[PDB]
Amino acid sequence: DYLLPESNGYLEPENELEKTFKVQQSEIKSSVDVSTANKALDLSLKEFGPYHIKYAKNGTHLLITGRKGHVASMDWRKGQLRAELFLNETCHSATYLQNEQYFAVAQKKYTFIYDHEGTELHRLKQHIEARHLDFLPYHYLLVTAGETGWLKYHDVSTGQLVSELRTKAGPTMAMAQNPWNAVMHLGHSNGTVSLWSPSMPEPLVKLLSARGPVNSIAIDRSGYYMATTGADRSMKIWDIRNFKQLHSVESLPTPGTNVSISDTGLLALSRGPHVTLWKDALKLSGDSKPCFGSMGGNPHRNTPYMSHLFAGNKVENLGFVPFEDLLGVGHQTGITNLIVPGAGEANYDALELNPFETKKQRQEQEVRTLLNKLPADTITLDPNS
Amino acid sequence: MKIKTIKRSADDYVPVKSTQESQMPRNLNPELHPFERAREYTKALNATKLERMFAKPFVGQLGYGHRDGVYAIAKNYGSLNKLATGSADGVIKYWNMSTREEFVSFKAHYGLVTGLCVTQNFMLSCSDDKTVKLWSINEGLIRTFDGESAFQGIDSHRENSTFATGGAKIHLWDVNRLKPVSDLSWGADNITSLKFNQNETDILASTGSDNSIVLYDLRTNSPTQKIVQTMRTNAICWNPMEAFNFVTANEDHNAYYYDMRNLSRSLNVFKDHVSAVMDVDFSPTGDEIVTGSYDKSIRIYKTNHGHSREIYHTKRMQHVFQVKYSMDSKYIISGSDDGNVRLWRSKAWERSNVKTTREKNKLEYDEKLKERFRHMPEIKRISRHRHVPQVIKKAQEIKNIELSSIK
Amino acid sequence: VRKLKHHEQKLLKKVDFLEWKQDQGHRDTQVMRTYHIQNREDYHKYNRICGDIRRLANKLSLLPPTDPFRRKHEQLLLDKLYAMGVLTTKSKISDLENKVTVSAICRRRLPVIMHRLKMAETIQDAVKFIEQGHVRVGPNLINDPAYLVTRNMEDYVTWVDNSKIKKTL
RNA sequence: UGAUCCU
RNA sequence: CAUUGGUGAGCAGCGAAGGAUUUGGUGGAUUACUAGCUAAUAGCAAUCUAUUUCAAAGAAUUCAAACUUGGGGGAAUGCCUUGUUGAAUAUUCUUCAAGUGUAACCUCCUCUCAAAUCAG
C-alpha cells in the first residue's frame, strides 16, 4: 500500500462561493504541468466525417476513424504516426487488437484487420455489418456487433471465428465490453441490454435498462457499476454485482450520445454539444446520484465534477486515456483531449500494461499474452468460477 | 480552485542511463488484475504441457555394462559419485557417475553374484558359490568369507563395520572375522533378502521365501516379530528419513510398505505394476518410492498418494532386476537383465542446471501453481499422462478385468 | 513475429496473424496483384457473380441430360459468356465451372486488353493512361480503368485523338 | 493421453 | 546546301527610375449572401450554477426482427426443426433420433496469360 509511488490529481473548490465545474480547459491548461498540459490535443481534421476515438489500453497509441474515410493510428505522445488510411467506404469504429501493430476497423460492410504501416492484413468474409468493434486481450477475442441481430467473436490469435450469436433484438445500438468479466453488453431499441458470453446462445441475462432505445453503456474498471443511457434523456447506474440500477437520472436536457468510465471512478456523459463528468457518482447512496444542479449547495445533492460545452459540434464518442487524466472526445471536426484532474490511475502496474514500452519489451509482452490467452469457453459470469 | 494533475515526470519510469534497466512500478490492486484464477490456470496448463514437452528422463548408461545381466547394485552411502554393479555371470563393475565409465571391474565369482554391499573404498561381493570377496577401490580380493549356505543375499552394516549375509541362514560376519558371529532363523527356511535400516542401524528386515516378513533385532540376536504373508517377497528398502518404516516388494504385482510398530496393518499398498516387483528404493527426502518390476518397467510414486505419477520404460531394457535411488534425490540408476545400467531422472523435467533466479523463482511459482490447480480435470489429463507399452497397457486392462470379475 | 522458441512453438500450435483460412490464403490479393485493381471490392464484385455463373451452371447440370430446355439454355449461357470473352473456348460445357475464375473475368479488363495489344509497356502504365484520359473504346473516351470489355468490343479500343501519347507512337 | 495403415 | 539544331558570340531591333525564370506560404472566388452558442417562443455571448429539479407525458408482433451467405461437396462436432423420452411446476430443461438440415464447423475451386524469355 505504501509502495504505491504516484497519487491522483485532484480538483478542489476551496470555497462554496468558488465552484468546481466552472473551470474551463484553457483555464486548466495554465496550471497543469507542461507535458501533461500539452497532452491535450486539438486535432481538427474538418474535411472528413465525424470522428470516432479509441486509445489503446495503454495510452501509447491513438486510433481515430472519421466517418467518411479516415483511419489514423498515431503514436500519440510523440510526433510519430503509424497509419493514415483513406478508404472511401464509410467506417464506424476501430480498435487495436493486441498492439499498435495490429488494429481493426468497422466499415460499411466488412471489418478489416490492419498493419501499423497501413497495409491490409485480413478482410473478414463474415462481419457483414460492424457498428461496435471491441476487444478483450485476455481472450484475444475481437467481438463485433453490427447492425445485424447477430454478434461475432473472432479469435485473431488463431485467426478464426469462434461463434456468432443472434440476439433476436435487431440492430445493436450500444456495446460495451466488461474489463473485469469479459461479458459483453449489447444495447437495443427496446431499452434492453443483454449480457453475453460466446458459448451461451441465449444471453446471460437481459436487462430492461430504460425506455426508448439504448443510447450507450459504459462499465467500471471494477465491473461493479455500469452506467447506461437511454434515448429517453435518462441514465441508469446499474450495479451489475446485484443487478440493480442505483440511480435513475431522469430528464436530461438532451439524451447523452455516450457514456464513459474512468479508472478512479469518474463518469463521462456526452450529450454531444456538451461533455460532463462526475466524480464518485457510482457509489451506493442516492447522495452519490449524479445530478445536474444542487439547489442551495447541499452536500447531499451531487453536482457535476467537470463540465465542457462544445460549440460547433455534436461529439461522437469518448474514451479516457487509461493511465492518464484526460479523455479523448471525438467531435465532428476531430479530437480533443479534455484534461481531468483525477480520472486515470496514477500508479499503473507495468506487469499488466506498459505505458512506457520498448518494442523488444512489446514483442516479449505480446508472446506473454498469447501464451496466457484464454480459450473462449472460459468467458463466464464470474472470473473466479 | 485547487488544480492538480497526474505527472509521470518522464524520468522515474524511463531511466537516465542507457545501460540501466527499466523501472517497473506495480499496483497489486485487484481492479488492475482481472484474472487471478483463469490466467494462473493457463500458466499452470502451459507448465504442465511444457513438462510433458520436458519429459526427457534418459541421460545415458554406465559404460557398456554387463553382457550377462545386472542383478544387484551397491551404492557407497557416502559416495555420491561412485557406484557398483554385480552381474549373474560374476563380473563386478564399478562406475563413477560423472564419467559413466568403468572405474574398476573384477572376475569375482564363477558362480553368480547375488548381492554387493559396501562397508570399510571397499566393496563386498556375495556369491552363489558360498563366497564373499572384499575388493578395494583405487587392488583386488582382500579376503573371502566362506559360509556354509549358498549365499541368497547380503547386506552391509555401517556401525562396528559389520555385514551379514543372506542365505539359507543369515549369519553375521565382521571385517576381521572369517567365521560369522551369530546365525539367526525365525523359521527354518531360506531367506531371499536382507536389509539393515540406516538409522538406529541395528534393526533388520528379512524376507522369507515361503511368504514371510521377519523383523530381526541385532540387539537381542533374535527376531522380534514375523508376519507370514500371502506371497513371497523380492526386495526391501528402509527410508533414510523416517528410519522406522520400510517398503518391501512382493511376488504378486504389488509392493507393500510396512511400519515397525505395526506390521499387522501395513502403512500402504501400491499396485501400478503388472509383474513381480523386483526392487524398491526410497528417497533421501523420504518423498517418493521407486520400484522396478519383473515386467520391463520401473515406476516412481510418492508415499501418500499410492499411484504412479511417473513410469519408466524403453526399448532396450527388460526384466530390470534392480533400481537404485540417488544420494542427492536427483537421479535413479537402473540395472538391467539386459546388462546395461542406465542413468534416469528422478523427474524428467527437473534439470541439472543451477538456475538463474528469474527462472528459478518462476519454476518454484509454477509448481506451486501446479498443486493449487491440481485436481481440475483438464489439468489432470495432462498431469497423469505419458506413453505406456502395449502389453503392459493390455496387462493393466487384464488386471482391471480380473478385479472387476472378483467384485 | 518473433522466430519463437522450440518451447514457445508447441504451446502456440494453431495461431497465426498472416495467413488465415477465413482469409482464404490471401488468394484474392494475388489477383489484385496481377491485375492491379484499385479497390479491393472489385474482386468480390467479380466473385459474387462468378459463383452465380456456377450456381446456374451446377443446377443446369442437374437436369436430365437430353432435356431440350437444358441444352438450349446452356447454349444461351455459353454464347453470352463467349461474347464477353471470359472463357477461351465455347465447345465444351466444362469451362463454366473450371474456366470461370476471377482472373479470367479480370483478364477481360480494359488495361489487360491494352496490355495485350502492346500499346502500353506494363499493365499499370495502361491504367495510368486511362487515368490520364488517353484511351477510347470506339466512340467514347473512357476514364474508368475498370472497364469490362467484351470480345466483340475489343477491336474498338484505340488511343484517343490529338493526344500526346498517340503521337508518342 | 490416445487411435489408424502396409507384409 | 537545308540546317528549319541549339550552343556560342554578336548586331540590327524592341525598350520610362531593370528584364527573364522558378517556387514557398496565405487570402479570394470555384452553387445564390438571412449572423454565433445553448437545454432554444426564450436566455446566452463576463455564465449557466446554490429553480434545472419537482410535475406531467412516457413500455405490442404477447419472443416480427441476417431483407445482407463466392460456388460445389459434406457438414463429424454444434445449432435448428419436428418425431420421440424424463423431471419440475398450462411452459422451460434432461435425454434421443430423423433432417439431397444448416452464413458454425472440413476440403476442391474461384492462380499458371497468343505478357516475355528460352533450348528445337
# chains A, B, ... in the order shown; residues from 1 in each chain; ligands from 1

call {"tool": "closest_atom_pairs", "arguments": {"of": "chain A", "to": "chain E", "cutoff": "6 Å", "atoms": "only C-alpha atoms (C1' of nucleotides)", "output": "CSV"}}
result
residue,atom,partner,partner_atom,distance
A:170,CA,E:65,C1',5.7
A:253,CA,E:39,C1',4.7
A:295,CA,E:50,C1',4.9
A:296,CA,E:50,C1',3.9
A:297,CA,E:50,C1',4.6
A:311,CA,E:37,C1',5.9

call {"tool": "closest_atom_pairs", "arguments": {"of": "chain B", "to": "chain A", "cutoff": "10 Å", "atoms": "only C-alpha atoms", "output": "CSV"}}
result
residue,atom,partner,partner_atom,distance
B:1,CA,A:13,CA,4.8
B:2,CA,A:12,CA,4.9
B:3,CA,A:11,CA,5.3
B:4,CA,A:9,CA,4.7
B:5,CA,A:9,CA,3.9
B:6,CA,A:9,CA,5.1
B:7,CA,A:36,CA,6.8
B:8,CA,A:346,CA,8.0
B:9,CA,A:35,CA,8.6
B:10,CA,A:35,CA,9.1
B:13,CA,A:356,CA,7.3
B:14,CA,A:356,CA,7.4
B:22,CA,A:356,CA,9.2
B:23,CA,A:350,CA,9.0
B:24,CA,A:350,CA,5.7
B:25,CA,A:349,CA,5.7
B:26,CA,A:349,CA,3.9
B:27,CA,A:349,CA,4.7
B:28,CA,A:349,CA,7.2
B:29,CA,A:349,CA,8.7
B:30,CA,A:222,CA,8.2
B:31,CA,A:222,CA,5.1
B:32,CA,A:352,CA,7.3
B:33,CA,A:352,CA,7.0
B:34,CA,A:180,CA,5.1
B:35,CA,A:383,CA,6.4
B:36,CA,A:384,CA,7.5
B:37,CA,A:384,CA,5.6
B:38,CA,A:383,CA,7.0
B:39,CA,A:372,CA,6.1
B:40,CA,A:372,CA,8.4
B:41,CA,A:372,CA,8.9
B:42,CA,A:372,CA,5.8
B:43,CA,A:372,CA,6.5
B:44,CA,A:372,CA,9.9
B:45,CA,A:372,CA,9.6
B:46,CA,A:371,CA,7.6

call {"tool": "interface_residues", "arguments": {"of": "chain E", "to": "chain C", "cutoff": "10 Å", "atoms": "only C-alpha atoms (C1' of nucleotides)", "output": "NGL selection string"}}
result
:E and (70-72 or 109-111 or 113-115)

call {"tool": "residues_around", "arguments": {"residues": "residue 1 in chain D", "least_positions_apart": "4", "cutoff": "10 Å", "atoms": "only C-alpha atoms (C1' of nucleotides)", "output": "list in words"}}
result
residues 381, 382, 383, 384, 385, 386, 387 and 388 of chain B

call {"tool": "residues_around", "arguments": {"residues": "residue 1 in chain C", "least_positions_apart": "4", "cutoff": "12 Å", "atoms": "only C-alpha atoms (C1' of nucleotides)", "output": "list in words"}}
result
residues 101, 102, 359, 360, 362, 363, 364, 366, 367 and 370 of chain A; 5, 15, 16, 17 and 18 of chain C

call {"tool": "interface_residues", "arguments": {"of": "chain B", "to": "chain C", "cutoff": "9 Å", "atoms": "only C-alpha atoms", "output": "number ranges by chain"}}
result
B: 46, 49-50, 53

call {"tool": "closest_residue", "arguments": {"among": "A:259, A:327, A:235, A:91", "to": "residue 107 in chain A", "atoms": "only C-alpha atoms"}}
result
A:91

call {"tool": "select_by_dssp", "arguments": {"residues": "range 154-393 of chain B", "states": "alpha helix (DSSP H)", "output": "list in words"}}
result
residues 357, 358, 359, 360, 361, 362, 363, 364, 365, 366, 367, 368, 369, 370, 371, 372, 377, 378, 379, 380, 381, 382, 383, 390, 391, 392 and 393 of chain B

call {"tool": "residues_around", "arguments": {"residues": "residue 42 in chain A", "least_positions_apart": "3", "cutoff": "10 Å", "atoms": "only C-alpha atoms (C1' of nucleotides)", "output": "PDB file with N, CA, C and O atoms, in the first residue's frame"}}
result
ATOM      1  N   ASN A  38       0.270  19.803 -22.368  1.00  0.00           N
ATOM      2  CA  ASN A  38       0.436  19.677 -23.804  1.00  0.00           C
ATOM      3  C   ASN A  38      -0.117  18.370 -24.333  1.00  0.00           C
ATOM      4  O   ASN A  38      -0.251  18.218 -25.549  1.00  0.00           O
ATOM      5  N   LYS A  39      -0.424  17.422 -23.454  1.00  0.00           N
ATOM      6  CA  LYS A  39      -1.029  16.168 -23.874  1.00  0.00           C
ATOM      7  C   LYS A  39      -2.469  16.338 -24.315  1.00  0.00           C
ATOM      8  O   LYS A  39      -3.020  15.435 -24.952  1.00  0.00           O
ATOM      9  N   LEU A  45      -9.652  18.009 -37.948  1.00  0.00           N
ATOM     10  CA  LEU A  45      -9.455  17.492 -39.295  1.00  0.00           C
ATOM     11  C   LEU A  45     -10.846  17.563 -39.895  1.00  0.00           C
ATOM     12  O   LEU A  45     -11.571  16.571 -39.968  1.00  0.00           O
ATOM     13  N   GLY A 328     -10.300  11.551 -24.574  1.00  0.00           N
ATOM     14  CA  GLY A 328     -10.446  11.919 -25.956  1.00  0.00           C
ATOM     15  C   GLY A 328     -11.907  11.942 -26.320  1.00  0.00           C
ATOM     16  O   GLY A 328     -12.601  10.924 -26.238  1.00  0.00           O
ATOM     17  N   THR A 333     -15.262  17.658 -36.256  1.00  0.00           N
ATOM     18  CA  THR A 333     -14.042  18.039 -36.941  1.00  0.00           C
ATOM     19  C   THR A 333     -12.830  17.295 -36.395  1.00  0.00           C
ATOM     20  O   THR A 333     -11.760  17.348 -36.998  1.00  0.00           O
ATOM     21  N   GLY A 334     -12.945  16.622 -35.263  1.00  0.00           N
ATOM     22  CA  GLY A 334     -11.793  15.887 -34.800  1.00  0.00           C
ATOM     23  C   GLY A 334     -11.823  15.489 -33.347  1.00  0.00           C
ATOM     24  O   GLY A 334     -12.784  14.899 -32.857  1.00  0.00           O
ATOM     25  N   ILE A 335     -10.732  15.835 -32.674  1.00  0.00           N
ATOM     26  CA  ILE A 335     -10.294  15.218 -31.430  1.00  0.00           C
ATOM     27  C   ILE A 335      -9.936  16.317 -30.451  1.00  0.00           C
ATOM     28  O   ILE A 335      -9.128  17.197 -30.773  1.00  0.00           O
ATOM     29  N   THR A 336     -10.515  16.265 -29.260  1.00  0.00           N
ATOM     30  CA  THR A 336      -9.944  16.998 -28.146  1.00  0.00           C
ATOM     31  C   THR A 336      -9.600  16.022 -27.042  1.00  0.00           C
ATOM     32  O   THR A 336     -10.300  15.043 -26.816  1.00  0.00           O
ATOM     33  N   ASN A 337      -8.530  16.304 -26.327  1.00  0.00           N
ATOM     34  CA  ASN A 337      -8.269  15.606 -25.085  1.00  0.00           C
ATOM     35  C   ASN A 337      -8.569  16.570 -23.962  1.00  0.00           C
ATOM     36  O   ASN A 337      -7.856  17.554 -23.773  1.00  0.00           O
ATOM     37  N   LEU A 338      -9.623  16.299 -23.219  1.00  0.00           N
ATOM     38  CA  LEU A 338     -10.043  17.214 -22.182  1.00  0.00           C
ATOM     39  C   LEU A 338      -9.421  16.755 -20.883  1.00  0.00           C
ATOM     40  O   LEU A 338      -9.486  15.570 -20.540  1.00  0.00           O
TER      41      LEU A 338
END

call {"tool": "closest_atom_pairs", "arguments": {"of": "chain A", "to": "chain C", "cutoff": "7 Å", "atoms": "only C-alpha atoms", "output": "CSV"}}
result
residue,atom,partner,partner_atom,distance
A:121,CA,C:18,CA,6.7
A:122,CA,C:23,CA,6.1
A:123,CA,C:23,CA,6.7
A:124,CA,C:23,CA,6.9
A:125,CA,C:22,CA,6.9
A:156,CA,C:17,CA,6.8
A:157,CA,C:15,CA,5.1
A:158,CA,C:15,CA,3.8
A:159,CA,C:20,CA,5.9
A:160,CA,C:22,CA,6.7
A:371,CA,C:12,CA,7.0

call {"tool": "atom_distance", "arguments": {"atom1": "CA of residue 64 in chain B", "atom2": "CA of residue 153 in chain B"}}
result
25.7 Å

call {"tool": "residues_around", "arguments": {"residues": "range 78-82 of chain C", "least_positions_apart": "3", "cutoff": "10 Å", "atoms": "only C-alpha atoms (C1' of nucleotides)", "output": "NGL selection string"}}
result
:C and (53 or 72-75 or 85-93 or 95-96 or 100 or 105 or 150-152)

call {"tool": "write_last_selection", "arguments": {"atoms": "N, CA and C atoms", "output": "mmCIF file, in the first residue's frame"}}
result
data_model
loop_
_atom_site.group_PDB
_atom_site.id
_atom_site.type_symbol
_atom_site.label_atom_id
_atom_site.label_comp_id
_atom_site.auth_asym_id
_atom_site.auth_seq_id
_atom_site.Cartn_x
_atom_site.Cartn_y
_atom_site.Cartn_z
ATOM 1 N N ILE C 53 -22.476 -17.666 -61.831
ATOM 2 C CA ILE C 53 -22.335 -18.487 -63.027
ATOM 3 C C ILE C 53 -22.449 -19.960 -62.662
ATOM 4 N N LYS C 72 -30.472 -26.032 -74.590
ATOM 5 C CA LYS C 72 -30.695 -24.720 -75.191
ATOM 6 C C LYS C 72 -30.251 -23.587 -74.269
ATOM 7 N N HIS C 73 -30.637 -23.641 -72.994
ATOM 8 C CA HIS C 73 -30.272 -22.616 -72.026
ATOM 9 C C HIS C 73 -28.786 -22.592 -71.736
ATOM 10 N N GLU C 74 -28.142 -23.753 -71.771
ATOM 11 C CA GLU C 74 -26.700 -23.795 -71.616
ATOM 12 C C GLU C 74 -25.998 -23.162 -72.805
ATOM 13 N N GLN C 75 -26.549 -23.332 -74.008
ATOM 14 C CA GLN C 75 -26.009 -22.631 -75.164
ATOM 15 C C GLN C 75 -26.225 -21.134 -75.046
ATOM 16 N N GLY C 85 -16.142 -12.900 -73.628
ATOM 17 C CA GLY C 85 -14.787 -13.386 -73.742
ATOM 18 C C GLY C 85 -14.165 -13.894 -72.468
ATOM 19 N N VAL C 86 -14.959 -14.138 -71.425
ATOM 20 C CA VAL C 86 -14.397 -14.549 -70.144
ATOM 21 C C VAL C 86 -13.953 -16.002 -70.146
ATOM 22 N N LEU C 87 -14.206 -16.730 -71.226
ATOM 23 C CA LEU C 87 -13.664 -18.060 -71.441
ATOM 24 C C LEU C 87 -13.096 -18.143 -72.851
ATOM 25 N N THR C 88 -12.045 -18.938 -73.006
ATOM 26 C CA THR C 88 -11.355 -19.001 -74.286
ATOM 27 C C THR C 88 -12.179 -19.766 -75.312
ATOM 28 N N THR C 89 -12.755 -20.890 -74.902
ATOM 29 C CA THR C 89 -13.489 -21.777 -75.787
ATOM 30 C C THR C 89 -14.960 -21.781 -75.406
ATOM 31 N N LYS C 90 -15.774 -22.300 -76.315
ATOM 32 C CA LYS C 90 -17.194 -22.449 -76.071
ATOM 33 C C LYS C 90 -17.713 -23.831 -76.431
ATOM 34 N N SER C 91 -16.868 -24.687 -77.004
ATOM 35 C CA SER C 91 -17.314 -26.001 -77.456
ATOM 36 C C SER C 91 -17.678 -26.902 -76.280
ATOM 37 N N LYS C 92 -16.815 -26.956 -75.271
ATOM 38 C CA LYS C 92 -17.100 -27.726 -74.071
ATOM 39 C C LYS C 92 -18.017 -26.940 -73.146
ATOM 40 N N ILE C 93 -18.785 -27.666 -72.337
ATOM 41 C CA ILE C 93 -19.554 -27.051 -71.266
ATOM 42 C C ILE C 93 -18.724 -26.895 -69.996
ATOM 43 N N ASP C 95 -16.050 -25.476 -69.131
ATOM 44 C CA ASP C 95 -15.390 -24.228 -68.784
ATOM 45 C C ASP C 95 -16.231 -23.400 -67.829
ATOM 46 N N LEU C 96 -17.539 -23.666 -67.773
ATOM 47 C CA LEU C 96 -18.468 -22.895 -66.951
ATOM 48 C C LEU C 96 -18.218 -23.052 -65.459
ATOM 49 N N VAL C 100 -14.282 -20.329 -65.274
ATOM 50 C CA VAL C 100 -14.852 -19.110 -64.707
ATOM 51 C C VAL C 100 -14.098 -18.833 -63.412
ATOM 52 N N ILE C 105 -12.320 -13.451 -65.747
ATOM 53 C CA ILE C 105 -13.140 -12.267 -65.975
ATOM 54 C C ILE C 105 -12.305 -11.009 -65.783
ATOM 55 N N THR C 150 -16.070 -6.540 -73.765
ATOM 56 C CA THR C 150 -16.391 -7.828 -74.361
ATOM 57 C C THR C 150 -15.352 -8.229 -75.403
ATOM 58 N N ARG C 151 -15.493 -9.458 -75.902
ATOM 59 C CA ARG C 151 -14.671 -9.891 -77.023
ATOM 60 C C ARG C 151 -14.959 -9.063 -78.266
ATOM 61 N N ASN C 152 -16.220 -8.704 -78.490
ATOM 62 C CA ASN C 152 -16.541 -8.014 -79.729
ATOM 63 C C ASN C 152 -16.254 -6.526 -79.632
#

call {"tool": "select_by_dssp", "arguments": {"residues": "chain C", "states": "strand (DSSP E)", "output": "PyMOL selection string"}}
result
chain C and resi 135-137+140-141+157-159

call {"tool": "write_last_selection", "arguments": {"atoms": "N, CA and C atoms", "output": "compact mmCIF listing (two decimals), in the first residue's frame"}}
result
# COMPACT_ATOMS: atom_id res chain seq x y z
N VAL C 135 -7.32 7.00 -73.73
CA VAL C 135 -7.81 5.82 -74.42
C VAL C 135 -9.29 6.00 -74.72
N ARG C 136 -9.76 5.30 -75.74
CA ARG C 136 -11.18 5.32 -76.05
C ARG C 136 -11.57 3.96 -76.61
N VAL C 137 -12.85 3.64 -76.46
CA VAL C 137 -13.40 2.37 -76.90
C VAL C 137 -14.40 2.73 -77.99
N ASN C 140 -16.38 6.34 -77.33
CA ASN C 140 -16.25 7.09 -76.09
C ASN C 140 -14.87 6.93 -75.49
N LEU C 141 -14.25 8.06 -75.17
CA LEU C 141 -13.16 8.06 -74.22
C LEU C 141 -13.66 7.59 -72.87
N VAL C 157 -11.04 -0.44 -79.03
CA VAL C 157 -10.13 0.34 -78.20
C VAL C 157 -9.02 0.90 -79.07
N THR C 158 -9.00 2.21 -79.19
CA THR C 158 -7.89 2.93 -79.80
C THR C 158 -7.36 3.91 -78.77
N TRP C 159 -6.27 4.56 -79.12
CA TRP C 159 -5.92 5.79 -78.44
C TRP C 159 -6.94 6.86 -78.79

call {"tool": "residues_around", "arguments": {"residues": "residue 74 in chain B", "least_positions_apart": "2", "cutoff": "7 Å", "atoms": "only C-alpha atoms (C1' of nucleotides)", "output": "PyMOL selection string"}}
result
chain B and resi 72+76+83-85+116-118

call {"tool": "write_last_selection", "arguments": {"atoms": "N, CA and C atoms", "output": "CSV table (one decimal), in the first residue's frame"}}
result
chain,number,residue,atom,x,y,z
B,72,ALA,N,22.3,-57.0,-9.0
B,72,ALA,CA,22.4,-56.3,-7.7
B,72,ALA,C,23.3,-55.1,-7.9
B,76,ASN,N,27.8,-46.9,-2.4
B,76,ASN,CA,28.6,-46.4,-1.3
B,76,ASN,C,27.8,-45.2,-0.7
B,83,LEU,N,29.6,-45.9,-7.7
B,83,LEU,CA,28.6,-47.0,-7.5
B,83,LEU,C,29.2,-48.3,-8.1
B,84,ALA,N,28.5,-49.4,-7.7
B,84,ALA,CA,29.0,-50.7,-8.1
B,84,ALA,C,27.8,-51.5,-8.6
B,85,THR,N,28.1,-52.5,-9.5
B,85,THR,CA,27.1,-53.3,-10.2
B,85,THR,C,27.6,-54.7,-10.3
B,116,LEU,N,25.8,-57.2,-3.8
B,116,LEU,CA,27.0,-56.4,-3.5
B,116,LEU,C,26.7,-55.5,-2.4
B,117,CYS,N,27.6,-55.3,-1.4
B,117,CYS,CA,27.3,-54.4,-0.3
B,117,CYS,C,28.7,-53.9,0.2
B,118,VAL,N,28.6,-52.7,0.7
B,118,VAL,CA,29.8,-51.8,0.9
B,118,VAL,C,30.0,-51.4,2.3

call {"tool": "decode", "arguments": {"residues": "range 284-303 of chain A", "atoms": "N, CA and C atoms", "output": "short mmCIF file (atom, residue, chain, number, x, y, z; two decimals), in the first residue's frame"}}
result
data_model
loop_
_atom_site.label_atom_id
_atom_site.label_comp_id
_atom_site.auth_asym_id
_atom_site.auth_seq_id
_atom_site.Cartn_x
_atom_site.Cartn_y
_atom_site.Cartn_z
N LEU A 284 -22.97 3.88 -3.60
CA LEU A 284 -24.24 3.24 -3.29
C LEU A 284 -25.35 4.23 -2.97
N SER A 285 -25.03 5.34 -2.31
CA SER A 285 -26.07 6.24 -1.83
C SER A 285 -26.66 7.06 -2.98
N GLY A 286 -27.91 7.49 -2.78
CA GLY A 286 -28.51 8.46 -3.67
C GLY A 286 -28.00 9.86 -3.43
N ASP A 287 -27.22 10.06 -2.37
CA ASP A 287 -26.42 11.26 -2.31
C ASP A 287 -25.36 11.26 -3.40
N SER A 288 -24.85 10.08 -3.75
CA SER A 288 -23.91 9.96 -4.85
C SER A 288 -24.61 9.85 -6.20
N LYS A 289 -25.92 10.01 -6.25
CA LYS A 289 -26.64 10.09 -7.51
C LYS A 289 -26.16 11.30 -8.30
N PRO A 290 -25.67 11.12 -9.52
CA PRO A 290 -25.17 12.27 -10.28
C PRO A 290 -26.31 13.15 -10.75
N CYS A 291 -26.25 14.42 -10.37
CA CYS A 291 -27.34 15.34 -10.64
C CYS A 291 -26.76 16.61 -11.23
N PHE A 292 -27.56 17.30 -12.04
CA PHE A 292 -27.05 18.46 -12.74
C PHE A 292 -26.99 19.67 -11.82
N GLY A 293 -28.04 19.94 -11.06
CA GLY A 293 -27.99 21.12 -10.23
C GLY A 293 -28.47 20.98 -8.81
N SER A 294 -27.57 21.16 -7.84
CA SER A 294 -27.92 21.09 -6.43
C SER A 294 -28.33 22.47 -5.95
N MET A 295 -29.61 22.64 -5.65
CA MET A 295 -30.07 23.92 -5.14
C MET A 295 -29.60 24.13 -3.71
N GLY A 296 -29.11 25.33 -3.43
CA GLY A 296 -28.69 25.68 -2.09
C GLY A 296 -27.33 25.15 -1.70
N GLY A 297 -26.64 24.47 -2.62
CA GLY A 297 -25.32 23.93 -2.32
C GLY A 297 -25.32 22.85 -1.26
N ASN A 298 -26.35 22.01 -1.25
CA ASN A 298 -26.46 20.96 -0.24
C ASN A 298 -25.42 19.88 -0.52
N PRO A 299 -24.69 19.43 0.50
CA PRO A 299 -23.72 18.35 0.28
C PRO A 299 -24.35 17.03 -0.12
N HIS A 300 -25.59 16.77 0.29
CA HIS A 300 -26.26 15.53 -0.09
C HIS A 300 -26.52 15.48 -1.59
N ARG A 301 -27.14 16.52 -2.14
CA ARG A 301 -27.34 16.59 -3.58
C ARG A 301 -25.99 16.80 -4.26
N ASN A 302 -25.80 16.14 -5.40
CA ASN A 302 -24.47 15.99 -6.00
C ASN A 302 -24.39 16.79 -7.30
N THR A 303 -23.39 17.65 -7.40
CA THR A 303 -23.17 18.47 -8.58
C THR A 303 -22.17 17.77 -9.52
#
